[PDB]
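File shown: protein27.pdb. Contents: PDB, C-alpha atoms.
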ATOM      1  CA  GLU N   1     178.674  61.991  89.035  1.00  0.00           C
ATOM      2  CA  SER N   2     177.449  59.054  86.906  1.00  0.00           C
ATOM      3  CA  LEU N   3     177.969  55.938  89.058  1.00  0.00           C
ATOM      4  CA  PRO N   4     174.758  56.446  91.112  1.00  0.00           C
ATOM      5  CA  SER N   5     172.974  58.478  88.447  1.00  0.00           C
ATOM      6  CA  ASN N   6     173.425  56.165  85.447  1.00  0.00           C
ATOM      7  CA  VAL N   7     174.843  52.679  86.010  1.00  0.00           C
ATOM      8  CA  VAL N   8     173.559  52.080  89.542  1.00  0.00           C
ATOM      9  CA  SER N   9     170.214  53.664  88.613  1.00  0.00           C
ATOM     10  CA  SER N  10     169.738  51.572  85.450  1.00  0.00           C
ATOM     11  CA  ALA N  11     171.662  48.300  85.739  1.00  0.00           C
ATOM     12  CA  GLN N  12     170.508  47.489  89.281  1.00  0.00           C
ATOM     13  CA  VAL N  13     166.885  48.688  89.052  1.00  0.00           C
ATOM     14  CA  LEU N  14     165.984  45.493  87.185  1.00  0.00           C
ATOM     15  CA  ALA N  15     168.624  43.600  89.200  1.00  0.00           C
ATOM     16  CA  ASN N  16     167.538  44.245  92.795  1.00  0.00           C
ATOM     17  CA  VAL N  17     164.176  42.570  93.441  1.00  0.00           C
ATOM     18  CA  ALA N  18     162.313  42.109  90.171  1.00  0.00           C
ATOM     19  CA  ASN N  19     163.979  39.768  87.686  1.00  0.00           C
ATOM     20  CA  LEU N  20     165.718  37.265  89.981  1.00  0.00           C
ATOM     21  CA  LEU N  21     163.621  34.227  89.018  1.00  0.00           C
ATOM     22  CA  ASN N  22     161.972  35.120  85.692  1.00  0.00           C
ATOM     23  CA  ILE N  23     164.645  36.944  83.648  1.00  0.00           C
ATOM     24  CA  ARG N  24     167.655  34.602  83.516  1.00  0.00           C
ATOM     25  CA  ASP N  25     168.454  35.585  79.923  1.00  0.00           C
ATOM     26  CA  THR N  26     168.045  38.899  78.094  1.00  0.00           C
ATOM     27  CA  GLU N  27     164.225  38.892  78.180  1.00  0.00           C
ATOM     28  CA  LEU N  28     163.296  35.306  77.330  1.00  0.00           C
ATOM     29  CA  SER N  29     163.345  33.350  80.613  1.00  0.00           C
ATOM     30  CA  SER N  30     159.839  34.636  81.268  1.00  0.00           C
ATOM     31  CA  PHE N  31     158.891  33.889  77.649  1.00  0.00           C
ATOM     32  CA  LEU N  32     159.550  30.140  77.697  1.00  0.00           C
ATOM     33  CA  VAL N  33     158.784  29.413  81.360  1.00  0.00           C
ATOM     34  CA  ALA N  34     156.613  32.163  82.841  1.00  0.00           C
ATOM     35  CA  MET N  35     154.886  33.098  79.587  1.00  0.00           C
ATOM     36  CA  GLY N  36     155.643  29.622  78.240  1.00  0.00           C
ATOM     37  CA  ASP N  37     154.718  27.025  80.865  1.00  0.00           C
ATOM     38  CA  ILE N  38     154.085  28.866  84.148  1.00  0.00           C
ATOM     39  CA  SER N  39     151.287  30.534  82.208  1.00  0.00           C
ATOM     40  CA  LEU N  40     150.324  27.182  80.657  1.00  0.00           C
ATOM     41  CA  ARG N  41     151.253  24.487  83.210  1.00  0.00           C
ATOM     42  CA  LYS N  42     147.788  24.563  84.756  1.00  0.00           C
ATOM     43  CA  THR N  43     146.281  24.581  81.259  1.00  0.00           C
ATOM     44  CA  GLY N  44     148.159  21.363  80.488  1.00  0.00           C
ATOM     45  CA  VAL N  45     145.944  19.133  82.614  1.00  0.00           C
ATOM     46  CA  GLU N  46     143.278  21.320  84.261  1.00  0.00           C
ATOM     47  CA  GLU N  47     140.978  20.655  81.299  1.00  0.00           C
ATOM     48  CA  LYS N  48     141.894  17.028  80.562  1.00  0.00           C
ATOM     49  CA  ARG N  49     141.319  15.680  84.066  1.00  0.00           C
TER      50      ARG N  49
ATOM     51  CA  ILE K   1     154.859  33.886  89.012  1.00  0.00           C
ATOM     52  CA  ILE K   2     156.376  31.957  91.925  1.00  0.00           C
ATOM     53  CA  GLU K   3     152.879  31.384  93.309  1.00  0.00           C
ATOM     54  CA  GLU K   4     151.608  30.987  89.743  1.00  0.00           C
ATOM     55  CA  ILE K   5     153.504  27.696  89.921  1.00  0.00           C
ATOM     56  CA  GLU K   6     151.302  26.995  92.928  1.00  0.00           C
ATOM     57  CA  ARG K   7     148.424  28.057  90.686  1.00  0.00           C
ATOM     58  CA  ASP K   8     150.022  25.795  88.080  1.00  0.00           C
ATOM     59  CA  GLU K   9     149.565  23.066  90.702  1.00  0.00           C
ATOM     60  CA  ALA K  10     146.921  24.087  93.265  1.00  0.00           C
ATOM     61  CA  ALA K  11     144.751  25.841  90.685  1.00  0.00           C
ATOM     62  CA  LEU K  12     145.737  23.156  88.172  1.00  0.00           C
ATOM     63  CA  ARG K  13     143.873  20.681  90.385  1.00  0.00           C
ATOM     64  CA  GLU K  14     141.418  23.330  91.618  1.00  0.00           C
ATOM     65  CA  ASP K  15     138.573  21.500  89.893  1.00  0.00           C
ATOM     66  CA  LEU K  16     140.226  18.279  91.056  1.00  0.00           C
ATOM     67  CA  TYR K  17     140.456  19.787  94.554  1.00  0.00           C
ATOM     68  CA  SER K  18     136.822  20.847  94.945  1.00  0.00           C
ATOM     69  CA  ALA K  19     135.348  17.855  93.097  1.00  0.00           C
ATOM     70  CA  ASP K  20     137.183  15.467  95.420  1.00  0.00           C
ATOM     71  CA  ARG K  21     135.884  17.450  98.403  1.00  0.00           C
ATOM     72  CA  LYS K  22     132.314  17.117  97.129  1.00  0.00           C
ATOM     73  CA  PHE K  23     133.122  13.508  96.229  1.00  0.00           C
ATOM     74  CA  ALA K  24     134.069  13.246  99.912  1.00  0.00           C
ATOM     75  CA  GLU K  25     131.327  15.572 101.186  1.00  0.00           C
ATOM     76  CA  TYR K  26     128.702  13.070  99.998  1.00  0.00           C
ATOM     77  CA  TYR K  27     130.213  10.146 101.915  1.00  0.00           C
ATOM     78  CA  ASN K  28     128.122  11.204 104.946  1.00  0.00           C
ATOM     79  CA  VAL K  29     125.105  13.146 103.644  1.00  0.00           C
ATOM     80  CA  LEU K  30     124.329  10.362 101.163  1.00  0.00           C
ATOM     81  CA  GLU K  31     124.762   7.993 104.121  1.00  0.00           C
ATOM     82  CA  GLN K  32     121.269   9.092 105.184  1.00  0.00           C
ATOM     83  CA  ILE K  33     119.957   7.782 101.842  1.00  0.00           C
ATOM     84  CA  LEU K  34     122.658   5.560 100.322  1.00  0.00           C
ATOM     85  CA  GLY K  35     124.208   4.517 103.642  1.00  0.00           C
ATOM     86  CA  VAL K  36     120.938   3.883 105.451  1.00  0.00           C
ATOM     87  CA  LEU K  37     119.944   1.225 102.910  1.00  0.00           C
ATOM     88  CA  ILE K  38     123.099  -0.750 103.629  1.00  0.00           C
ATOM     89  CA  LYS K  39     122.220  -0.017 107.251  1.00  0.00           C
ATOM     90  CA  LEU K  40     118.673  -1.114 106.368  1.00  0.00           C
ATOM     91  CA  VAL K  41     120.026  -4.676 106.145  1.00  0.00           C
ATOM     92  CA  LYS K  42     122.897  -4.105 108.583  1.00  0.00           C
ATOM     93  CA  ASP K  43     120.491  -2.851 111.271  1.00  0.00           C
ATOM     94  CA  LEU K  44     119.087  -6.421 111.137  1.00  0.00           C
ATOM     95  CA  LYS K  45     115.760  -5.032 109.881  1.00  0.00           C
ATOM     96  CA  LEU K  46     115.638  -7.169 106.745  1.00  0.00           C
ATOM     97  CA  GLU K  47     118.101  -9.783 108.007  1.00  0.00           C
ATOM     98  CA  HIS K  48     115.653 -10.719 110.762  1.00  0.00           C
ATOM     99  CA  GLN K  49     112.632 -10.053 108.540  1.00  0.00           C
ATOM    100  CA  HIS K  50     113.717 -12.034 105.511  1.00  0.00           C
ATOM    101  CA  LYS K  51     113.628 -14.700 108.229  1.00  0.00           C
ATOM    102  CA  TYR K  52     110.523 -13.176 109.862  1.00  0.00           C
ATOM    103  CA  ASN K  53     108.462 -13.584 106.691  1.00  0.00           C
TER     104      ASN K  53
END

Let me see the file written as structure tokens.
Amino acid sequence: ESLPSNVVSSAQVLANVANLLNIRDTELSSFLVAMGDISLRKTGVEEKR
Amino acid sequence: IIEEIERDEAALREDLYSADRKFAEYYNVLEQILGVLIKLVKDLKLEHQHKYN
């Protein structure tokens, strides 16, 4: 009565489709890449050139 | 975010994209002002007329 209600419904909700390529650590993979560079990669050059 | 990488590249050069297009869009419209004056000697107009005078 708790496999689908609790662990399937909470562990896999952020494991199915969402966090495959931006949460590869606890919550930081987005911070240093997505928030970090993927937010800032364009900003790196798109003003200098 | 996956396409933000594309934005980190395509929109990174978005100014570089459009500016090159307009730096290539003037290769033919300016040819009726800039490129006719090279033509103005290449059409033999002045080449024959530097000799005509």

At what distance in Å, to one decimal, does atom CA of residue K:15 lie from atom CA of residue N:41?
14.6 Å

When you get a sec, could you note down which chain N residues fall within 7 Å of chain K, using all atoms listed in the file, as a PDB file with C-alpha atoms, in the coordinates of the input?
ATOM      1  CA  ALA N  34     156.613  32.163  82.841  1.00  0.00           C
ATOM      2  CA  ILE N  38     154.085  28.866  84.148  1.00  0.00           C
ATOM      3  CA  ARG N  41     151.253  24.487  83.210  1.00  0.00           C
ATOM      4  CA  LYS N  42     147.788  24.563  84.756  1.00  0.00           C
ATOM      5  CA  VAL N  45     145.944  19.133  82.614  1.00  0.00           C
ATOM      6  CA  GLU N  46     143.278  21.320  84.261  1.00  0.00           C
TER       7      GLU N  46
END

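As for atom CA of residue N:44 and atom CA of residue N:25, they are spaced 24.8 Å apart.
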
Which polymer residues have any atom within 12 Å of an atom of stretch 2-18 of chain N, counting all atoms listed in the file, with same-chain residues fewer than 2 positions away left out, as an MDAnalysis selection string?
(chainID N and resid 20:24 26:27 30) or (chainID K and resid 1:2)

Between atom CA of residue K:50 and atom CA of residue K:37, what distance in Å does the model show, to one decimal?
14.9 Å

Complete the atoms of stretch 10-24 of chain K to N, CA, C and O atoms and put them out as a PDB file, in the frame of the given file.
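Ended up saving to part_23.pdb:
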ATOM      1  N   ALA K  10     148.131  24.042  92.449  1.00  0.00           N
ATOM      2  CA  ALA K  10     146.921  24.087  93.265  1.00  0.00           C
ATOM      3  C   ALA K  10     145.707  24.459  92.424  1.00  0.00           C
ATOM      4  O   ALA K  10     144.658  23.809  92.510  1.00  0.00           O
ATOM      5  N   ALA K  11     145.828  25.501  91.602  1.00  0.00           N
ATOM      6  CA  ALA K  11     144.751  25.841  90.685  1.00  0.00           C
ATOM      7  C   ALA K  11     144.721  24.937  89.461  1.00  0.00           C
ATOM      8  O   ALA K  11     143.706  24.909  88.759  1.00  0.00           O
ATOM      9  N   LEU K  12     145.803  24.203  89.185  1.00  0.00           N
ATOM     10  CA  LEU K  12     145.737  23.156  88.172  1.00  0.00           C
ATOM     11  C   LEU K  12     144.759  22.068  88.584  1.00  0.00           C
ATOM     12  O   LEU K  12     143.953  21.604  87.771  1.00  0.00           O
ATOM     13  N   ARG K  13     144.816  21.647  89.846  1.00  0.00           N
ATOM     14  CA  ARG K  13     143.873  20.681  90.385  1.00  0.00           C
ATOM     15  C   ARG K  13     142.737  21.349  91.147  1.00  0.00           C
ATOM     16  O   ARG K  13     142.105  20.701  91.985  1.00  0.00           O
ATOM     17  N   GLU K  14     142.469  22.631  90.884  1.00  0.00           N
ATOM     18  CA  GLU K  14     141.418  23.330  91.618  1.00  0.00           C
ATOM     19  C   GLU K  14     140.066  22.662  91.400  1.00  0.00           C
ATOM     20  O   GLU K  14     139.307  22.446  92.352  1.00  0.00           O
ATOM     21  N   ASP K  15     139.744  22.330  90.147  1.00  0.00           N
ATOM     22  CA  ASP K  15     138.573  21.500  89.893  1.00  0.00           C
ATOM     23  C   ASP K  15     138.745  20.124  90.519  1.00  0.00           C
ATOM     24  O   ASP K  15     137.810  19.583  91.118  1.00  0.00           O
ATOM     25  N   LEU K  16     139.943  19.547  90.396  1.00  0.00           N
ATOM     26  CA  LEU K  16     140.226  18.279  91.056  1.00  0.00           C
ATOM     27  C   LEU K  16     140.153  18.411  92.572  1.00  0.00           C
ATOM     28  O   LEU K  16     139.724  17.476  93.254  1.00  0.00           O
ATOM     29  N   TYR K  17     140.563  19.560  93.115  1.00  0.00           N
ATOM     30  CA  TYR K  17     140.456  19.787  94.554  1.00  0.00           C
ATOM     31  C   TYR K  17     139.000  19.763  95.002  1.00  0.00           C
ATOM     32  O   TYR K  17     138.595  18.917  95.806  1.00  0.00           O
ATOM     33  N   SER K  18     138.196  20.691  94.477  1.00  0.00           N
ATOM     34  CA  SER K  18     136.822  20.847  94.945  1.00  0.00           C
ATOM     35  C   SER K  18     135.978  19.614  94.643  1.00  0.00           C
ATOM     36  O   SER K  18     135.171  19.193  95.480  1.00  0.00           O
ATOM     37  N   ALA K  19     136.147  19.024  93.456  1.00  0.00           N
ATOM     38  CA  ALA K  19     135.348  17.855  93.097  1.00  0.00           C
ATOM     39  C   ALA K  19     135.613  16.695  94.046  1.00  0.00           C
ATOM     40  O   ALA K  19     134.686  15.973  94.429  1.00  0.00           O
ATOM     41  N   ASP K  20     136.874  16.497  94.436  1.00  0.00           N
ATOM     42  CA  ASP K  20     137.183  15.467  95.420  1.00  0.00           C
ATOM     43  C   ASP K  20     136.568  15.788  96.775  1.00  0.00           C
ATOM     44  O   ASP K  20     136.127  14.877  97.486  1.00  0.00           O
ATOM     45  N   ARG K  21     136.536  17.068  97.155  1.00  0.00           N
ATOM     46  CA  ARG K  21     135.884  17.450  98.403  1.00  0.00           C
ATOM     47  C   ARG K  21     134.398  17.118  98.367  1.00  0.00           C
ATOM     48  O   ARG K  21     133.856  16.544  99.317  1.00  0.00           O
ATOM     49  N   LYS K  22     133.722  17.465  97.270  1.00  0.00           N
ATOM     50  CA  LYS K  22     132.314  17.117  97.129  1.00  0.00           C
ATOM     51  C   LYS K  22     132.111  15.641  96.809  1.00  0.00           C
ATOM     52  O   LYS K  22     131.017  15.116  97.042  1.00  0.00           O
ATOM     53  N   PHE K  23     133.133  14.963  96.283  1.00  0.00           N
ATOM     54  CA  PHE K  23     133.122  13.508  96.229  1.00  0.00           C
ATOM     55  C   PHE K  23     133.477  12.880  97.569  1.00  0.00           C
ATOM     56  O   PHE K  23     133.357  11.660  97.719  1.00  0.00           O
ATOM     57  N   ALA K  24     133.934  13.682  98.532  1.00  0.00           N
ATOM     58  CA  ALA K  24     134.069  13.246  99.912  1.00  0.00           C
ATOM     59  C   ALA K  24     133.037  13.876 100.832  1.00  0.00           C
ATOM     60  O   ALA K  24     132.815  13.360 101.932  1.00  0.00           O
TER      61      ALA K  24
END
